[PDB]
Every structure is written in structure tokens, then in C-alpha cells.
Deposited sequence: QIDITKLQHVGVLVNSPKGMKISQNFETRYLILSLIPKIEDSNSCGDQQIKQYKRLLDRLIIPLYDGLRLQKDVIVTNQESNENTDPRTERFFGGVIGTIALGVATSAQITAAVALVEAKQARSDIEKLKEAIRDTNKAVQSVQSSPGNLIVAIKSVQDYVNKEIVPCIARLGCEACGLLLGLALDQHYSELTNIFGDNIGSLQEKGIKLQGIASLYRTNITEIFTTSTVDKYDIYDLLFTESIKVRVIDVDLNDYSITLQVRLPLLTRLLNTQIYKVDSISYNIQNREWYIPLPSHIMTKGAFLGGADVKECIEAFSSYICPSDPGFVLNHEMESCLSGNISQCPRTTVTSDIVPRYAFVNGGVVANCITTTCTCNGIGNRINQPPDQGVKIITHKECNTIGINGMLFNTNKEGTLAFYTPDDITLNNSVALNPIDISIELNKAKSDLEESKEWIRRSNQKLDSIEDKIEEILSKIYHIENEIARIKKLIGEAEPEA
């Protein structure tokens, strides 16, 4: 496991142990988006505006149809536990596509009920309706409370132009979502107490189940996470400060987050997770396997830590650690017990660890801070694993090796001659 104390001596600071919650299961609910609003048949107003709006919808529902059809074509008995799902189609489908296809076979039993509700949704003037399966008609609330009043108040031709503007606004917001798809977008259009669980729920991708090109309807499966806290799992953030080697600034280029699961130690790719104050909520395990030298470094064999040169000011030169300061006092003006007493670190030491046992007040570049009395902050280190991050640099040093290798081969040829 992580040896946090030794890693400080190479400027590697491991902090903020947070737990992890994974959405190992999902509860599914269905949403029917009915994109054409209903205008009262008594007046026939807005027909031309709906015709133009329909022409815009084709530019996003037809691409959705093509994608869903491609998923349905992966699989050409069923309805029995442990039965066969279907026949493999002629083509190629990766595991991601097979899972998507299998999910649609599971949703098939719902589609036969949704196809009944669609007949009721057609003639209905309601904006939101539930039969559970929820159905929404795009602009229908605005039509009921703005356009239908207008047709009496202002006459048919003036009110049609008001509908056209509303429909074109709705098309612009539809394009942002459908032009995977997260619940956050759908919830934005149509408007447990942990805020972070709510935020994570909107992060989950919705699954398209049907795209009806006749009635301009999209059926979506909404997935609600069931969150389970994994035991013996800790995610740490790690920061590296500059490390002095003969008056040149180096640092250990470790990944931004690391993870432990008992004896396993690896990185964490939390880019898809929601970071709460005390835990990460992730759709799946973010762990990945580290380079052998990085894993060995983190396990406390700090001689193995890879090091690279500091190219910019993004790398911090100092940090607070456990009530004291860990800093590169060559490039940072470390000061002890008053702004005049500079702490000098010898050229062969990489970072200075300053504790309350040595300084009551520590000044970093003039900033005076008191050390913490309850702080728990506590040899020759040679870091041979010099590393370059930039492909040009690696290529340049590879050319030097090849040049030296050709020279080595020549000595063999001449030496073989005298032999």
C-alpha cells in the first residue's frame, strides 16, 4: 500500500482519502417525446409553420433512426430464463454493440405497451401525461396558454407567426441534445437528499428505444442508478512538488489520482465520476494498472520513482503537509522563526521538510504562517529513472543511443579482424 511518509521526501504528496460508490444496477423508466404539438382543429391555424418545423425535425430524427436501426440489426427460446436471445447477424459487432443490442431485446416487452399509449397521445392536448410511462408534447403548454388565446384575440394570421418562433426555438434546443445523450439535457428542456446523488443521476446516459418517423416521436429509456459503496476502496489525489538535483528542478510525474482495493494499487480515471465532499460516485470502476516503476515508487521504494524536468510554473515549489511545510528551498526562500533567518538546504537534498519541532513561524517568499502544534508531520536518495515526456526528446536521445551502438559494432569488426 501507499507509503505516504517516505513519498514526501521526493515531493510526492498523497492526500484526501475518499471512498467510492458505483452504480452497479439501474432501474429503468420510459419517456416518450412527442415533438409535434396539437393546435385546435377548429381553426387550422399554424399548419404551414408545423410543416416547416417537420422539415427541420427530419435533420435530427432520421440520423437517430439510422443509429437505432444499426443497433437492432446486430441480433436477428426467448421469454424463458436461460433461453437463447437470438441469431447472430451477418456483420461485425463489438461487445459494446452486443450489449446495446441485448438491451433493446429486453425493452421489446415495453414497446408493445408504449405503442398503445401513442394512440392516446396523438389527439390529446396535454403537455405532460402518464399512463409508469411519461409522455411530453414539445411546445404544448405554450400553445395552450399563448397561441390558442391569440387566435380569438388577434386572428389566425398574426398568431401563426408566434408559433413559428416558438417551434424554431425548440428546434435549436433539440439540436444541442440530439445533434451519448445524458438525462441532464432532457431534463433541461422539459423542466434521498444528497445533491451529489442527484447530480450523478443526470450524468447517466439515456437509451433510445424507438424513433417514429410517422408521428415524430422518440422513445427513451431513463436509467436510475442504485449506488453501492465499495468496501476497502480508497481514492487519493496526489500532487508532486519540485525536487532539487544539482540546482535543477525535477519532479515525479505521477498520475493525478491513485486507488487502493486491498493489496491492489493503481490509478483512477475519475473524469466521469462526481466528486462529493467525502466520496466519488462513478458509473464503473475507474482503476487502471500503473507502470511497474510507478507502483513500486508509491509502495515506498522511492529510488524507483521516475523523474522529469520542470518546464513551467504549474508545478508547485512548496506545500503545506501535516501542519508543516515541504518545499524546494533552493528556488523558494524558506525562512525560519522570522523573515531574516533563511533555511538553507544543501545541494544534494531534494526537498526540505519543516516541522513544528524546528520552526514556530515559517515564511514562504515572505508569507508568514504559524506551524501547527498538533501536526503529525515527521538519507541519500538517487533517482536513476530519468524520463522525458515529449516524443521529440525521446527521439533525440534514441538517436544518440543508435549512434553509440553503431560505434560499438565497429569495434567488434576491427577486433574480430585482429582475433
Checklist entry - Relative to the deposited sequence numbered from 1, which residue ranges are unmodelled? => result 77 to 88, 144 to 149, 198 to 206, 219 to 231, 419 to 422, 464 to 498
